[PDB]
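What follows is a short report on a single structure.
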Amino acid sequence: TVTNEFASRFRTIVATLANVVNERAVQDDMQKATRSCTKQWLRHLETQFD
Amino acid sequence: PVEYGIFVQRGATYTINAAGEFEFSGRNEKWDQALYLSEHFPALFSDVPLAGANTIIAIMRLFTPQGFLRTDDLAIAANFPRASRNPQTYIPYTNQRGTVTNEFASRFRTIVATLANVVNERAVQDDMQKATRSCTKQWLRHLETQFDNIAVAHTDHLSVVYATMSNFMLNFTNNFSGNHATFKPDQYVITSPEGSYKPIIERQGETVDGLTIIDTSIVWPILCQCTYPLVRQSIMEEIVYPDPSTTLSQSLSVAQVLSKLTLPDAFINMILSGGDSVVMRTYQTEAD
Amino acid sequence: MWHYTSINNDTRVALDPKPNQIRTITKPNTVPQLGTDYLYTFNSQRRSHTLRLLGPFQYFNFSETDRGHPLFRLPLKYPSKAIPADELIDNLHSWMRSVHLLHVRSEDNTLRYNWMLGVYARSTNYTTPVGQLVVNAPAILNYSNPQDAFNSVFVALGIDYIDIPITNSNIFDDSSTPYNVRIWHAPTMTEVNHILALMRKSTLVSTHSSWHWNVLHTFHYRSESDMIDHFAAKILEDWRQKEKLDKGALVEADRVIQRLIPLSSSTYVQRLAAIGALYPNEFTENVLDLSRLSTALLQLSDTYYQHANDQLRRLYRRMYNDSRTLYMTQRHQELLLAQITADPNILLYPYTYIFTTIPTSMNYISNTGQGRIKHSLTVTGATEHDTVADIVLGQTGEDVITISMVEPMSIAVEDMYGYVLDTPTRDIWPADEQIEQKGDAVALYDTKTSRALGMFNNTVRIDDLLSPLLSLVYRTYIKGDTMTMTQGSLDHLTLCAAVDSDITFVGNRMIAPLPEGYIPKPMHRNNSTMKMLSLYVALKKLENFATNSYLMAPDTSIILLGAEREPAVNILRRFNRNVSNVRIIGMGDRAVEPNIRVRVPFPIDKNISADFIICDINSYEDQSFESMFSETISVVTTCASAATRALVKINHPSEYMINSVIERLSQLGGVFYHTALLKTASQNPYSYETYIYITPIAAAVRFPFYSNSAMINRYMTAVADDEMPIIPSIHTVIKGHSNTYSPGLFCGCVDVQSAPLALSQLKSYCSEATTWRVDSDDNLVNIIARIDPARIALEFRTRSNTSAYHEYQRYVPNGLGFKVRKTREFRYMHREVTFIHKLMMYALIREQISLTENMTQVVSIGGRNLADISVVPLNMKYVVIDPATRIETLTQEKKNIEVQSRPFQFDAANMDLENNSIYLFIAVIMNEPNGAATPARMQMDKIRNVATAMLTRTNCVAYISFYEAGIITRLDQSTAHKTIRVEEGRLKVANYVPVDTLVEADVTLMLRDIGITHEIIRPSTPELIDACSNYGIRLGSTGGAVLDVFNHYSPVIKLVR
Amino acid sequence: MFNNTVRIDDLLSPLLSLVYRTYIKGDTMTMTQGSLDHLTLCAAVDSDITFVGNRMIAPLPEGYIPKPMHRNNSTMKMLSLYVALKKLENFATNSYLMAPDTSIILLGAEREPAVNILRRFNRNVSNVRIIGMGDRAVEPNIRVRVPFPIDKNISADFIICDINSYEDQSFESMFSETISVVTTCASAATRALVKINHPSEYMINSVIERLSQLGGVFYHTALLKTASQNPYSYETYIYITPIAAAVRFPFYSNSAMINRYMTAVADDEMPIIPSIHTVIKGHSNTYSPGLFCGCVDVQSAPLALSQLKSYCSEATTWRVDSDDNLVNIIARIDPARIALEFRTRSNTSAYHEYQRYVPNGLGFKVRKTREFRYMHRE
Amino acid sequence: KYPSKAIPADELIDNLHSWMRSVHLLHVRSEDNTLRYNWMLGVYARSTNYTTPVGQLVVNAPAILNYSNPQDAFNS
Ligand SMILES: Nc1nc2c(ncn2[C@@H]2O[C@H](COP(=O)(O)OP(=O)(O)OP(=O)(O)O)[C@@H](O)[C@H]2O)c(=O)[nH]1
Ligand SMILES: Nc1nc2c(ncn2[C@@H]2O[C@H](COP(=O)(O)OP(=O)(O)OP(=O)(O)O)[C@@H](O)[C@H]2O)c(=O)[nH]1
Ligand SMILES: Nc1ncnc2c1ncn2[C@@H]1O[C@H](COP(=O)(O)OP(=O)(O)OP(=O)(O)O)[C@@H](O)[C@H]1O
Ligand SMILES: C[S@@+](CC[C@H](N)C(=O)[O-])C[C@H]1O[C@@H](n2cnc3c(N)ncnc32)[C@H](O)[C@@H]1O
Ligand SMILES: C[S@@+](CC[C@H](N)C(=O)[O-])C[C@H]1O[C@@H](n2cnc3c(N)ncnc32)[C@H](O)[C@@H]1O
Ligand SMILES: C[S@@+](CC[C@H](N)C(=O)[O-])C[C@H]1O[C@@H](n2cnc3c(N)ncnc32)[C@H](O)[C@@H]1O
Ligand SMILES: [Mg+2]
């Protein structure tokens, strides 16, 4: 398979955590920079995971 | 991802039907170059619109050729060998004489505007800083400028080189139709009734000292670190117009070798050409 | 009308503007207008935007600079929805302002402007040699003679040709073009011939039979597939054009032979060229599918390549082997001659054969587009059959065909509240009659009623029968679509039965609009709900017949004596919300609040009284007949004592139970109770449960007891069956002329080639058969066909197996249905009550006829379209004497059926009745042959004549159906008769003219006076069950109400000798 | 050529669409239930219509733009035949809705859009059968041959036959087929409206004789022609009804509808195709019927009008713009003007007046003009 | 996305549709009228993205899903 289901599941998981950490980030009025940095680390974990 | 799923549900590849309709596989497979001579084509380049996958199609439009199909006229007049019944070469860009604006460059302009919209949407979706985002846009418009500055040298100079190289004697095959959607090279083979055939075009894994691998990254020096005699305006290099003989003679030599090279095989196989035979029984239908 | 009439013209030249119009051709001053300057459209299913410029701009190459404009960015900007018209117009306009073609305006009136070369030059931004020539000498675009316009650029540039890219019509798509148009410098016919010859030495090129601007042009294709799609589209264009020319209509064809000529192409394009030139009949019939045109075209060639016709095969072959030649009909060729006459130097393609077209007689039926065909299969046909193979039908998915149990009953709302009456007839109740009827009722109770009747009663529930309608009133009210209705109106009561929320009028005839955000739940209803409502309506119609308002009077009360949740009490309480002071309460032994929970007879302390009562008491417990009897008696007694208008249920309405009820009411001191049996349309259609209606009147009631009452016959005639109920099968194998099939229906699919055979075989069983393909791509044809007993009773009289197979094969492939939507068939289709009564009478007469020995024939006078054929056994001969019957001498000779086709004469001396014959007079005596009503004295007269005429006969059996007078007494008092009527004292069943009715007493008295044997029989419950089980019919509600009182008053006299 | 060129469908199309375009915008409002305007509305839109009250159609639901009703060439004709039967059952009627508990049959059928339109027009009337019944019939219409199969029972208060065999055939078979079709059409209904594809005196009279042959009923009859028929068609609709009286003078002789067909016969000549002339010769009389159409320098315009007076009775002209000197000119050729002007060789004209027009005195129109090869006349 | 309230019908429809466009079961259409399609095994194979042996069998031989006699569809 071109796509790996075990990895795609981790993909959706990470999208969910992105929404969650996003809401917590905006609730605590933290800087845009750190917020996008969290998202970047998350998508990196996504890649490593595949 | 969504447009992707809609695209790839249709199939990663397609085959043109004898009736001319496309037939997508419905499968998501990695392409191999073994497929290049197969009936299949990559589906990104089908140019068949698909509902809900419009972004992928529109981005795939940007790969469209900006050239034209020149018939190889001097090569016909010279009676040079040509595998096609109507020889032709796809010359990647038109000469842009006398125009304030260069169409080859303006196309790259619209392409870059599209990529700007795309990288913009991806940038805002990933909540990245405004600074880096505008920096991406800045690099893009820089590529735009570099592209104009050399577009003159490609369209008005490289193009005449392609146009003459198309007529050279040994350049016998048609190279490209200008349609990524449907093009496949004509596939000749040297068949024999009493043997296995040899395709001329084959993925035989001879690399010809690395000639077959393609470093696309080569475009970067072209756009960004090369001078051209036209690009240089204001100093004036004065264009070179190379003597025909040096290639012509080479062609002749090759054509002269490979001509007689097969002669002894050709002569014997001519003799024994009628010599293959089938066992046959002859039943007798009447007395004496 | 052989010769074509046409006005050929270079339309493309006419499209090119005068040089002076070029400056304003963009109309810089004004916004482009939809339908004149442009044609935008958004296909939401395809999500594809499509803009298409009109006028000269329909031919317009775009510079990459032009493609960089935001207008073309628009479709990406709106992926899923139409571009708003404002943005479309503003971008289209600013882009129109962007364009400026080079031109030199001049005063010569003969001049034109070479639009193609100018827009091309502009599109290349004047870099091509043509663009140079134009940027330096714009005047070269102006031209008088159209051809010279190009010769001028050919000489000046020195080139032999110019390769112009084609335009896509939809300016939005930027896709690479399939091909392109080379333009050749060939002023003379000779230069043209040479270019064509050389063109036939090179790959993938084609050309038209003639060219615009009289200048030779060739299409060069980027691949085989592009060439195929092009040739196909052109073949469609030429075929449509020729299809119009052959109709003799004048045409403004821009060119006589619209289709392309290969000069060099592959096999497949040569095949397209060949069937294209043939002009096959199959196109005109729409036998081909245009959804994938070229494919079908290729397939068509495949047939012609091996065609059954020799002429068409050899013609197609010959065309295939000379693709370069342009085959054309003589009638085209004369048009080519007229063209060459009007313009002596016109160029047209020189290599051309003139064939005479081959006629073909096969008129295929066809129709692409949604709609299943509802075939009516003929019993017989020109085709003969011998030992036809069994035709298997495929399994069908539920994606295509669903098989629901019972057809839901579409109906008007008022029709739900109708009821029928049955007044008492007997003046006395003799004790021997009491013992007989008691023995009957006891024997009938102890052994349960018919299992088949139980199956139908429990399958055809009234609740599901009404459900689609009651919900629909809820769905409309929820959307606010409902508006006007009267306060006491039945539509209002239906509305109260449809929604749980209280309704209120804002004024006369106007319900209040729903409060915002409010969507009240539908009213919850059990099976007896609508029935209880309809019984309330019945009491309202009994207190006075003329009333339109159904609201209870102020200061009055009602009781629904049988109760549980009793939703009807809530609905009724809400329906009367605007009436002051009204008790409305249920009162069951299982009653939940609002209803009081209490046993009946009421406790001696408690005081219960009302102006109305609607009992629905029914003990679930199995019990002794004596206890059931005493309980029902006490229930009627308390129901009558408590109210002036009781409406008691009678779960087991034997003559004995009802008469015991009348005797018991007789026993009560000092009051005389008028009574009448009743049946509402909201009852389950098959239930034998009946509602007695008790009221007091000052007069003693003459004829108070019942004997042979209709409602009673519905129950008493039903008895335990010898056999298991006939479960409706779905058949899947169509055997050839087999006669083994149990009632049910054929359902499945076949390859469309085999479809004509299938319809050919199922004509033996089913009278009619719906069929359809699911899609143009899927070859299977689905077929559904209910089995008709009448068709079996006709078709199986003889062993011959003729059919219209030859006609049914005219359907393949497009001629037998298309429907993407899933279809829903029912195992029990609706039929009007009169039809059911017909089938019942047929079951009665047929069962009666099978018993008789040694009868040579059945003579059905007035038999119409062999309606009585089900009755006659397959062995004996059948005869019809209805003037209205159509003659089919082949069907008659093949199926053993004489048809007199003359008005039967009722005079006795003229009449000639054969011995050993069964004479049917089913509903024929009541009408004249012309359809005018015959007065009743004339009907009794003709019955008397049929009676006297058969007195001489040794063995003969008449069956004279007629209408008894008593029904008019009963229908005058009833409401549930949507079909049957009473216009001025005469019955008016169905669409038939009103007709006066005979009295049974005088008829039987007359037959006793004649002395002939006679027996007045009527069809009973088992006949109903046989009719429904065999024909696959569910009765329906209005039918359930009216059928008992209707069936009992269509007596069938059975004269016997 | 004329019958196949002047189709009624295209003739009505701008009007039927216009009713659709107004209804789509909600501009339409008031009309009576049985009214002809209502029937035209049902013929214009596929969606079911419903009045909110007397003389008032319901407003469109938001976002709803129903497709125009699909109509073939015979659609409006079938509607008009239905209207004809409605006017024949009683002349004074204004409502055209079928009576409750009555039926109609459109005996010739395919898709038969008219059955759908009629079924939707009568949606508010209780209990009404409306069915087509062709040999090519698609559902709703039952597919069946005529004469009807001896088993099947078919009857109605009205019938509108439109049977027409596409197949070329012997005259005897065409005759027997049309006879059987009229016979079954008359037997099945009290008000048949049978088509007669070839209405010779012989066919119609054979039909009258055949109805005479049927036992016990006397059939009053009348030939008929609706305005929704193609203007040039010789096809005629016989109207069969029964009456108690014998019909005095029942046969036809030299009837108008019959003359429309019988007088037509194969022409010696090819049909006269309408030319567009572009050269105005001086007093020549060679011009085939058609029309002059083109343009001239405005200086030459007075001369042109001076010459075409010989042929055309009247001639529209205009410049396209103040800047462009060419004047366009269109002029249909009048045979009457030729028959007048060519009586003598003199070639007088009001050239002196026409030169008072140059340059501003002979038209201005930016908008494109649309001339027809076949202009309307009363 | 909508914890406390109904999903608006437009979003429900558009997402359900784009997801419907997303699905494509493997099959080999054939002219036999007796044939059916083994919906269970096909949707299962697709759901496992054809990694299970059944998904392999289906990705290589889609025709195996077609069947006349229902039982044989699995025996195969
Ligand atoms: N670029 C360009 N192409 C043109 C123009 N006019 C005609 N053509 C192309 O020239 C080809 C030959 O012209 P036609 O004889 O009208 O061929 P055609 O296929 O019948 O054209 P259609 O009217 O679209 O059916 C067509 O395919 C056109 O696309 C023009 O003004 N500009
Ligand atoms: N994944 C998948 N499971 C299925 C399919 N068809 C049936 N099943 C499952 O197989 C089990 C056995 O099938 P059934 O005999 O219909 O059992 P059931 O419990 O009566 O199924 P219900 O109709 O939901 O009541 C059921 O629990 C279903 O969930 C299918 O096509 N795909
Ligand atoms: N429709 C046709 N018209 C003319 N020749 C045909 C046609 N079909 C097949 N042939 C002849 O047969 C050869 C092709 O063989 P064959 O029909 O087995 O395969 P094909 O090309 O795919 O055609 P098909 O689709 O009919 O099978 C061609 O060389 C051709 O000459
Ligand atoms: C057939 S149900 C119909 C009741 C009501 N129409 C309803 O469903 O809402 C009749 C009910 O009456 C009750 N019942 C039976 N015999 C009774 C009796 N003798 N006195 C009072 N109630 C009785 C039963 O419990 C039964 O539930
Ligand atoms: C109600 S229909 C058929 C009823 C029933 N289904 C049957 O087949 O017997 C009665 C038919 O009998 C025919 N008829 C009426 N009077 C007749 C008469 N006096 N002689 C012969 N036929 C008659 C009429 O044409 C009418 O169509
Ligand atoms: C001229 S068309 C008009 C039909 C209808 N007005 C329509 O277009 O929807 C007449 C149709 O009747 C059918 N037809 C011809 N002869 C018939 C016959 N003898 N019996 C039944 N139908 C016939 C033909 O197939 C033809 O399509
Ligand atoms: Mg064209």
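Scheme for the structure tokens: letters A, B, ... for chains in order shown; per-chain residue numbers from 1; ligand numbers from 1 in order shown.
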- Taking only C-alpha atoms and all ligand atoms into account, report as a ChimeraX atom specification which residues have an atom no farther than 10 Å from an atom of ligand 4. /C:525-532,560-569,586-592,595,597-602,614-621,628,631-632,634-635,649,651
Requested write-out: C-alpha atoms of the selected residues, as a PDB file, in the first residue's frame:
```
ATOM      1  CA  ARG C 525     -51.767   6.827  16.938  1.00  0.00           C
ATOM      2  CA  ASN C 526     -52.537   3.154  17.460  1.00  0.00           C
ATOM      3  CA  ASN C 527     -54.403   1.010  14.936  1.00  0.00           C
ATOM      4  CA  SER C 528     -57.886   1.849  16.257  1.00  0.00           C
ATOM      5  CA  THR C 529     -57.364   5.637  16.388  1.00  0.00           C
ATOM      6  CA  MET C 530     -58.653   6.735  12.997  1.00  0.00           C
ATOM      7  CA  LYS C 531     -61.430   4.217  13.375  1.00  0.00           C
ATOM      8  CA  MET C 532     -62.561   5.791  16.638  1.00  0.00           C
ATOM      9  CA  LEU C 560     -65.109   6.185  24.299  1.00  0.00           C
ATOM     10  CA  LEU C 561     -65.990   3.142  26.392  1.00  0.00           C
ATOM     11  CA  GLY C 562     -63.067   0.951  25.380  1.00  0.00           C
ATOM     12  CA  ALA C 563     -59.847   2.656  26.395  1.00  0.00           C
ATOM     13  CA  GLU C 564     -56.107   2.483  26.998  1.00  0.00           C
ATOM     14  CA  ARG C 565     -53.962   5.449  25.999  1.00  0.00           C
ATOM     15  CA  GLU C 566     -56.880   6.082  23.609  1.00  0.00           C
ATOM     16  CA  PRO C 567     -55.203   8.827  21.514  1.00  0.00           C
ATOM     17  CA  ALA C 568     -58.541   9.534  19.854  1.00  0.00           C
ATOM     18  CA  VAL C 569     -59.843  11.003  23.121  1.00  0.00           C
ATOM     19  CA  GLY C 586     -62.351   7.149  27.635  1.00  0.00           C
ATOM     20  CA  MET C 587     -63.227   4.452  30.196  1.00  0.00           C
ATOM     21  CA  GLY C 588     -61.474   1.089  29.747  1.00  0.00           C
ATOM     22  CA  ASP C 589     -60.510  -1.628  32.230  1.00  0.00           C
ATOM     23  CA  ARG C 590     -56.967  -0.873  31.124  1.00  0.00           C
ATOM     24  CA  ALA C 591     -57.520   2.887  30.884  1.00  0.00           C
ATOM     25  CA  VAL C 592     -54.724   5.358  31.607  1.00  0.00           C
ATOM     26  CA  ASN C 595     -59.363   8.207  30.781  1.00  0.00           C
ATOM     27  CA  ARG C 597     -60.047   3.108  34.556  1.00  0.00           C
ATOM     28  CA  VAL C 598     -63.190   1.066  35.186  1.00  0.00           C
ATOM     29  CA  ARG C 599     -64.908  -2.238  34.303  1.00  0.00           C
ATOM     30  CA  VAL C 600     -68.166  -2.561  32.341  1.00  0.00           C
ATOM     31  CA  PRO C 601     -70.968  -3.057  33.490  1.00  0.00           C
ATOM     32  CA  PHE C 602     -70.356   0.025  35.624  1.00  0.00           C
ATOM     33  CA  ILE C 614     -68.392   4.645  21.259  1.00  0.00           C
ATOM     34  CA  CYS C 615     -67.716   1.202  22.709  1.00  0.00           C
ATOM     35  CA  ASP C 616     -64.677  -0.741  21.475  1.00  0.00           C
ATOM     36  CA  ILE C 617     -64.608  -3.420  24.178  1.00  0.00           C
ATOM     37  CA  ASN C 618     -62.764  -6.589  23.199  1.00  0.00           C
ATOM     38  CA  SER C 619     -61.553  -9.248  25.631  1.00  0.00           C
ATOM     39  CA  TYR C 620     -58.072 -10.468  24.671  1.00  0.00           C
ATOM     40  CA  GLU C 621     -58.605 -13.557  26.821  1.00  0.00           C
ATOM     41  CA  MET C 628     -68.421 -14.000  25.514  1.00  0.00           C
ATOM     42  CA  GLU C 631     -70.333 -10.155  28.331  1.00  0.00           C
ATOM     43  CA  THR C 632     -71.166  -8.648  24.944  1.00  0.00           C
ATOM     44  CA  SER C 634     -74.136  -6.722  29.181  1.00  0.00           C
ATOM     45  CA  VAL C 635     -71.846  -4.349  27.289  1.00  0.00           C
ATOM     46  CA  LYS C 649     -68.645  -2.876  18.777  1.00  0.00           C
ATOM     47  CA  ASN C 651     -66.517  -8.675  17.818  1.00  0.00           C
TER      48      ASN C 651
END
```
- Message: Contacts from chain E to chain C, 7 Å maximum, only C-alpha atoms: show me the residue list as a list in words.
- Response: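 Result: residues 31, 33 and 34 of chain E.
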- Tell me which protein, DNA and RNA residues are within 12 Å of residue A:38, counting only C-alpha atoms, leaving out same-chain ones fewer than 2 positions away, and put them as a PyMOL selection string. (chain A and resi 14+17-22+24-25+30-36+40-45) or (chain B and resi 126-128)
Only N, CA, C and O atoms, please: the residues just picked out, written as a tab-separated table (two decimals), in the first residue's frame.
```
chain	number	residue	atom	x	y	z
A	14	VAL	N	-3.07	13.42	15.45
A	14	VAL	CA	-2.30	14.65	15.53
A	14	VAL	C	-3.12	15.86	15.09
A	14	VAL	O	-2.93	16.96	15.62
A	17	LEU	N	-5.12	16.71	18.18
A	17	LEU	CA	-4.28	17.37	19.17
A	17	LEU	C	-3.94	18.78	18.73
A	17	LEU	O	-3.73	19.65	19.57
A	18	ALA	N	-3.87	18.99	17.43
A	18	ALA	CA	-3.62	20.32	16.92
A	18	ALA	C	-4.79	21.22	17.26
A	18	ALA	O	-4.59	22.34	17.70
A	19	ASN	N	-6.02	20.73	17.07
A	19	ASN	CA	-7.18	21.55	17.42
A	19	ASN	C	-7.24	21.85	18.90
A	19	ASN	O	-7.58	22.97	19.32
A	20	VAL	N	-6.84	20.86	19.69
A	20	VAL	CA	-6.90	20.98	21.15
A	20	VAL	C	-5.87	21.97	21.70
A	20	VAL	O	-6.20	22.88	22.48
A	21	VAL	N	-4.63	21.81	21.26
A	21	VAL	CA	-3.54	22.68	21.66
A	21	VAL	C	-3.73	24.07	21.07
A	21	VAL	O	-3.22	25.06	21.60
A	22	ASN	N	-4.48	24.14	19.97
A	22	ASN	CA	-4.81	25.43	19.38
A	22	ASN	C	-5.78	26.18	20.29
A	22	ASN	O	-5.56	27.34	20.62
A	24	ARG	N	-6.31	25.71	23.47
A	24	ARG	CA	-5.62	26.06	24.71
A	24	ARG	C	-4.66	27.21	24.48
A	24	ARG	O	-4.42	28.02	25.39
A	25	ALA	N	-4.10	27.29	23.28
A	25	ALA	CA	-3.13	28.34	22.99
A	25	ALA	C	-3.81	29.70	22.89
A	25	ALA	O	-3.33	30.67	23.45
A	30	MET	N	-1.22	33.13	24.11
A	30	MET	CA	0.20	32.95	23.83
A	30	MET	C	0.55	33.39	22.41
A	30	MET	O	-0.31	33.46	21.53
A	31	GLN	N	1.83	33.73	22.21
A	31	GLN	CA	2.32	34.28	20.95
A	31	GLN	C	2.09	33.36	19.76
A	31	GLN	O	2.11	32.13	19.89
A	32	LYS	N	1.85	33.96	18.59
A	32	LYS	CA	1.60	33.20	17.38
A	32	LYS	C	2.80	32.33	17.04
A	32	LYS	O	2.65	31.20	16.53
A	33	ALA	N	3.99	32.83	17.37
A	33	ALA	CA	5.23	32.17	17.00
A	33	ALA	C	5.36	30.80	17.65
A	33	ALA	O	5.59	29.79	16.97
A	34	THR	N	5.18	30.76	18.96
A	34	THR	CA	5.30	29.52	19.70
A	34	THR	C	4.21	28.56	19.27
A	34	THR	O	4.41	27.34	19.24
A	35	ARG	N	3.05	29.12	18.93
A	35	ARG	CA	1.90	28.29	18.60
A	35	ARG	C	2.17	27.52	17.31
A	35	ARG	O	2.02	26.28	17.24
A	36	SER	N	2.62	28.25	16.30
A	36	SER	CA	2.96	27.62	15.04
A	36	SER	C	4.14	26.68	15.24
A	36	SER	O	4.25	25.67	14.54
A	40	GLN	N	4.36	22.83	14.16
A	40	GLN	CA	5.48	22.36	13.34
A	40	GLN	C	6.08	21.10	13.93
A	40	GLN	O	6.39	20.14	13.20
A	41	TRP	N	6.24	21.09	15.24
A	41	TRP	CA	6.77	19.90	15.90
A	41	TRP	C	5.82	18.74	15.73
A	41	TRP	O	6.24	17.59	15.56
A	42	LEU	N	4.52	19.04	15.74
A	42	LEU	CA	3.51	18.00	15.58
A	42	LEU	C	3.59	17.36	14.20
A	42	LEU	O	3.61	16.13	14.07
A	43	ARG	N	3.65	18.19	13.16
A	43	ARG	CA	3.74	17.63	11.81
A	43	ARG	C	5.07	16.90	11.58
A	43	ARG	O	5.17	15.97	10.76
A	44	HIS	N	6.10	17.31	12.32
A	44	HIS	CA	7.37	16.60	12.28
A	44	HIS	C	7.21	15.20	12.86
A	44	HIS	O	7.69	14.21	12.29
A	45	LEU	N	6.49	15.11	13.98
A	45	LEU	CA	6.23	13.81	14.59
A	45	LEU	C	5.44	12.95	13.63
A	45	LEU	O	5.62	11.73	13.58
B	126	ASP	N	-1.40	26.48	8.41
B	126	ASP	CA	-0.40	26.03	9.38
B	126	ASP	C	0.02	27.15	10.33
B	126	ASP	O	1.04	27.03	11.01
B	127	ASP	N	-0.74	28.25	10.31
B	127	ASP	CA	-0.56	29.41	11.22
B	127	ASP	C	0.87	29.94	11.33
B	127	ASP	O	1.26	30.45	12.38
B	128	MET	N	1.63	29.83	10.25
B	128	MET	CA	3.01	30.29	10.24
B	128	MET	C	3.11	31.81	10.23
B	128	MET	O	2.16	32.50	9.85
```
- Message: Report as a PyMOL selection string all protein, DNA and RNA residues lying within 8 Å of residue D:16, evaluated on only C-alpha atoms, omitting residues in the same chain fewer than 2 positions from it.
- Response: chain D and resi 12-14+18-20+40+43-44
- Task: With only C-alpha atoms and all ligand atoms counted, collect every polymer residue having an atom within 7 Å of ligand 2; state the result as a ChimeraX atom specification.
- Result: /E:39-40,43-44
- Message: So that I can see what lies close to residue C:766, please list as a VMD selection string the residues with an atom at most 8 Å from it, counting only C-alpha atoms and leaving out residues fewer than 3 positions away in the same chain.
- Response: chain C and resid 377 762 to 763 769 785 to 788 791 to 792
- Task: Could you give me the residues within stretch 52-268 of chain D that DSSP places in alpha helix (DSSP H), as number ranges by chain?
- Result: D: 75-89, 113-121, 171-187, 201-213, 256-262
- Message: Can you work out which residues are within 6 Å of ligand 3, considering only C-alpha atoms and all ligand atoms, and then hand them over as a list in words?
- Response: residues 271, 301, 302 and 305 of chain C
Write out the residues from the selection above, keeping N, CA, C and O atoms, as a PDB file, in the first residue's frame.
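Wrote result.pdb, looks like this:
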```pdb
ATOM      1  N   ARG C 271     -12.980   2.985 -39.672  1.00  0.00           N
ATOM      2  CA  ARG C 271     -14.271   2.389 -39.334  1.00  0.00           C
ATOM      3  C   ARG C 271     -15.322   3.466 -39.105  1.00  0.00           C
ATOM      4  O   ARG C 271     -16.466   3.360 -39.588  1.00  0.00           O
ATOM      5  N   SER C 301     -20.006  -0.319 -36.477  1.00  0.00           N
ATOM      6  CA  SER C 301     -19.209  -0.754 -37.611  1.00  0.00           C
ATOM      7  C   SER C 301     -19.010  -2.255 -37.512  1.00  0.00           C
ATOM      8  O   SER C 301     -19.065  -2.962 -38.520  1.00  0.00           O
ATOM      9  N   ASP C 302     -18.870  -2.744 -36.279  1.00  0.00           N
ATOM     10  CA  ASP C 302     -18.616  -4.158 -36.057  1.00  0.00           C
ATOM     11  C   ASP C 302     -19.782  -4.978 -36.560  1.00  0.00           C
ATOM     12  O   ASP C 302     -19.589  -6.084 -37.071  1.00  0.00           O
ATOM     13  N   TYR C 305     -19.633  -4.705 -40.454  1.00  0.00           N
ATOM     14  CA  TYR C 305     -18.481  -5.425 -40.971  1.00  0.00           C
ATOM     15  C   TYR C 305     -18.849  -6.883 -41.205  1.00  0.00           C
ATOM     16  O   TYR C 305     -18.242  -7.561 -42.029  1.00  0.00           O
TER      17      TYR C 305
END
```
- Surrounding residues as a VMD selection string, ligand 5, max 6 Å, only C-alpha atoms and all ligand atoms: chain C and resid 861 to 864 867 to 868 881 to 884 903 to 904 922 to 924 927 to 929
